[PDB]
Amino acid sequence: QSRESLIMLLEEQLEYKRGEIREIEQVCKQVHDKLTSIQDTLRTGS
Amino acid sequence: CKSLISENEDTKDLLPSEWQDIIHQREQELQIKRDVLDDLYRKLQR
Amino acid sequence: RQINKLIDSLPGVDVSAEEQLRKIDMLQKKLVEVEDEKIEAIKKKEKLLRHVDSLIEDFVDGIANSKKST
């Protein structure tokens with residue numbers, strides 16, 4: 001059952017790090033989208 | 001007439017190169033804004 | 001019946017532990033590559049971040065020397 005405990009800890013930290021990673025690219029992508037929208041807005045005001 | 005002149009400061013101010021200087025400052029700030037916005041557009045597209 | 005439905009629901013209840021051994025080993029492998037990929041991801045994110053910082057500084061300097069040009 002020690003191997004089973006190793007497995008369960010394995011998937012819990014694996015899914016936690018996947019959640020952290022995915023929120024990282026989500027937030028950086030939303031920042032990049034905001035930057036592109038601002039660039040378009042300032043280009044329209046030129 | 002003199003009374004009406006007296007109470008209003010704006011008319012007495014109304015009553016010539018400064019306008020040209022203001023136009024020059026407006027156009028130079030406009031062109032520097034255009035240049036910096038062009039630089040931002042060029043840089044952000046990567 | 002809860003005893004029966006819990007005893008048969010144990011992953012690995014009907015799976016031999018040695019293929020768990022290979023799956024765990026390859027899990028740590030693909031883990032090694034996934035933090036590696038996160039290393040390149042974070043380094044290029046920081047690269048674009050200080051590109052953004054450099055353009056911020058240049059734009060701020062332009063504003064400052066333009067509004068003090070008159």
# chains A, B, ... in the order shown; residues from 1 in each chain; ligands from 1
$ residues_around --residues "segment 29-40 of chain A" --least-positions-apart "6" --cutoff "8 Å" --atoms "only C-alpha atoms" --output "list in words"
residues 40, 41, 44 and 45 of chain B
$ write_last_selection --atoms "N, CA, C and O atoms" --output "PDB file, in the first residue's frame"
ATOM      1  N   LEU B  40       5.964  51.596 -30.315  1.00  0.00           N
ATOM      2  CA  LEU B  40       5.246  50.594 -29.530  1.00  0.00           C
ATOM      3  C   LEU B  40       4.586  49.553 -30.427  1.00  0.00           C
ATOM      4  O   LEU B  40       4.612  48.356 -30.125  1.00  0.00           O
ATOM      5  N   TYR B  41       3.980  49.997 -31.530  1.00  0.00           N
ATOM      6  CA  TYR B  41       3.366  49.067 -32.475  1.00  0.00           C
ATOM      7  C   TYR B  41       4.397  48.115 -33.064  1.00  0.00           C
ATOM      8  O   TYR B  41       4.142  46.913 -33.198  1.00  0.00           O
ATOM      9  N   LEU B  44       5.662  45.655 -30.038  1.00  0.00           N
ATOM     10  CA  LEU B  44       4.707  44.732 -29.431  1.00  0.00           C
ATOM     11  C   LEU B  44       4.296  43.605 -30.370  1.00  0.00           C
ATOM     12  O   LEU B  44       3.827  42.564 -29.899  1.00  0.00           O
ATOM     13  N   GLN B  45       4.472  43.776 -31.680  1.00  0.00           N
ATOM     14  CA  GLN B  45       4.046  42.760 -32.639  1.00  0.00           C
ATOM     15  C   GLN B  45       4.906  41.502 -32.606  1.00  0.00           C
ATOM     16  O   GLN B  45       4.662  40.594 -33.410  1.00  0.00           O
TER      17      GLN B  45
END
$ residues_around --residues "segment 31-35 of chain C" --least-positions-apart "6" --cutoff "10 Å" --atoms "only C-alpha atoms" --output "list in words"
residues 14, 17, 18 and 21 of chain A; 25 and 41 of chain C
$ write_last_selection --atoms "C-alpha atoms" --output "compact mmCIF listing (two decimals), in the first residue's frame"
# COMPACT_ATOMS: atom_id res chain seq x y z
CA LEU A 14 1.15 16.50 -10.55
CA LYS A 17 1.52 21.78 -10.74
CA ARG A 18 -0.53 21.41 -13.94
CA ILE A 21 1.16 26.02 -14.99
CA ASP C 25 9.02 5.78 -13.79
CA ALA C 41 8.36 29.08 -20.76
$ atom_distance --atom1 "atom CA of residue 41 of chain A" --atom2 "atom CA of residue 49 of chain C"
20.8 Å
$ atom_distance --atom1 "atom CA of residue 54 of chain C" --atom2 "atom CA of residue 67 of chain C"
20.1 Å
$ atom_distance --atom1 "atom CA of residue 20 of chain C" --atom2 "atom CA of residue 6 of chain C"
20.4 Å
$ residues_around --residues "residue 2 of chain A" --least-positions-apart "6" --cutoff "12 Å" --atoms "only C-alpha atoms" --output "JSON, numbers by chain"
{"A": [8, 9], "C": [17]}
$ closest_residue --among "C:48, C:39, C:27, C:55" --to "residue 36 of chain B" --atoms "only C-alpha atoms"
C:55
$ closest_residue --among "C:16, C:65, C:2, C:70" --to "chain A" --atoms "only C-alpha atoms"
C:16
$ interface_residues --of "chain C" --to "chain B" --cutoff "12 Å" --atoms "only C-alpha atoms" --output "number ranges by chain"
C: 47-70
$ write_last_selection --atoms "N, CA, C and O atoms" --output "compact mmCIF listing (two decimals), in the first residue's frame"
# COMPACT_ATOMS: atom_id res chain seq x y z
N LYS C 47 11.72 37.29 -20.69
CA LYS C 47 12.33 38.01 -21.79
C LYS C 47 11.35 39.02 -22.40
O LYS C 47 11.67 40.20 -22.56
N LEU C 48 10.14 38.56 -22.74
CA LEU C 48 9.14 39.49 -23.25
C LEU C 48 8.75 40.51 -22.19
O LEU C 48 8.43 41.66 -22.52
N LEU C 49 8.81 40.12 -20.91
CA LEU C 49 8.48 41.04 -19.83
C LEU C 49 9.44 42.22 -19.80
O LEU C 49 9.02 43.37 -19.68
N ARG C 50 10.74 41.96 -19.92
CA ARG C 50 11.63 43.12 -19.86
C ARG C 50 11.83 43.77 -21.22
O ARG C 50 12.28 44.92 -21.26
N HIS C 51 11.43 43.13 -22.32
CA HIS C 51 11.18 43.90 -23.54
C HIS C 51 10.09 44.94 -23.30
O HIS C 51 10.22 46.11 -23.68
N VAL C 52 8.99 44.51 -22.66
CA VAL C 52 7.91 45.43 -22.33
C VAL C 52 8.41 46.52 -21.39
O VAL C 52 8.07 47.70 -21.55
N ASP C 53 9.24 46.15 -20.42
CA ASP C 53 9.80 47.14 -19.50
C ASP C 53 10.69 48.15 -20.23
O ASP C 53 10.65 49.35 -19.94
N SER C 54 11.50 47.67 -21.18
CA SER C 54 12.35 48.57 -21.95
C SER C 54 11.52 49.56 -22.77
O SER C 54 11.83 50.75 -22.81
N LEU C 55 10.47 49.06 -23.43
CA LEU C 55 9.62 49.99 -24.19
C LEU C 55 8.87 50.94 -23.26
O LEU C 55 8.65 52.10 -23.63
N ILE C 56 8.49 50.48 -22.07
CA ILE C 56 7.88 51.37 -21.08
C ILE C 56 8.83 52.50 -20.72
O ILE C 56 8.44 53.67 -20.68
N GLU C 57 10.09 52.15 -20.44
CA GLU C 57 11.07 53.16 -20.07
C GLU C 57 11.31 54.14 -21.21
O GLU C 57 11.39 55.36 -20.99
N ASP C 58 11.42 53.63 -22.44
CA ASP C 58 11.63 54.51 -23.58
C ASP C 58 10.45 55.46 -23.78
O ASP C 58 10.64 56.65 -24.02
N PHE C 59 9.23 54.93 -23.66
CA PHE C 59 8.04 55.77 -23.82
C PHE C 59 7.94 56.81 -22.71
O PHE C 59 7.55 57.96 -22.96
N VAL C 60 8.28 56.43 -21.48
CA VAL C 60 8.24 57.38 -20.37
C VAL C 60 9.27 58.48 -20.57
O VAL C 60 9.00 59.66 -20.32
N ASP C 61 10.48 58.12 -21.02
CA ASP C 61 11.49 59.13 -21.32
C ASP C 61 11.03 60.06 -22.44
O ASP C 61 11.26 61.27 -22.38
N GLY C 62 10.39 59.50 -23.46
CA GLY C 62 9.84 60.34 -24.52
C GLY C 62 8.80 61.31 -24.01
O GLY C 62 8.82 62.50 -24.36
N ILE C 63 7.88 60.83 -23.17
CA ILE C 63 6.89 61.73 -22.57
C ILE C 63 7.58 62.83 -21.78
O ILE C 63 7.26 64.01 -21.92
N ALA C 64 8.55 62.45 -20.95
CA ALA C 64 9.19 63.40 -20.05
C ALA C 64 9.92 64.48 -20.82
O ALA C 64 9.76 65.68 -20.54
N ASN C 65 10.74 64.10 -21.81
CA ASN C 65 11.49 65.11 -22.54
C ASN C 65 10.64 65.83 -23.57
O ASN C 65 11.06 66.88 -24.07
N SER C 66 9.46 65.31 -23.91
CA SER C 66 8.55 66.06 -24.77
C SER C 66 7.81 67.14 -23.98
O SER C 66 7.70 68.28 -24.45
N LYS C 67 7.29 66.80 -22.80
CA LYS C 67 6.53 67.77 -22.02
C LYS C 67 7.42 68.80 -21.33
O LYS C 67 6.92 69.84 -20.91
N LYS C 68 8.72 68.53 -21.22
CA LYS C 68 9.70 69.53 -20.80
C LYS C 68 10.42 70.18 -21.97
O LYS C 68 11.32 71.00 -21.75
N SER C 69 10.06 69.84 -23.21
CA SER C 69 10.63 70.52 -24.37
C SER C 69 10.06 71.91 -24.59
O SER C 69 10.59 72.66 -25.42
N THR C 70 9.00 72.28 -23.87
CA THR C 70 8.39 73.59 -24.02
C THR C 70 8.27 74.28 -22.66
O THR C 70 8.41 75.50 -22.56
$ interface_residues --of "chain C" --to "chain A" --cutoff "8 Å" --atoms "only C-alpha atoms" --output "VMD selection string"
chain C and resid 12 24 38 45
$ closest_residue --among "A:27, A:5, A:19, A:46" --to "residue 38 of chain B" --atoms "only C-alpha atoms"
A:46
$ select_by_dssp --residues "chain C" --states "helix (DSSP H, G or I)" --output "NGL selection string"
:C and (2-7 or 17-67)
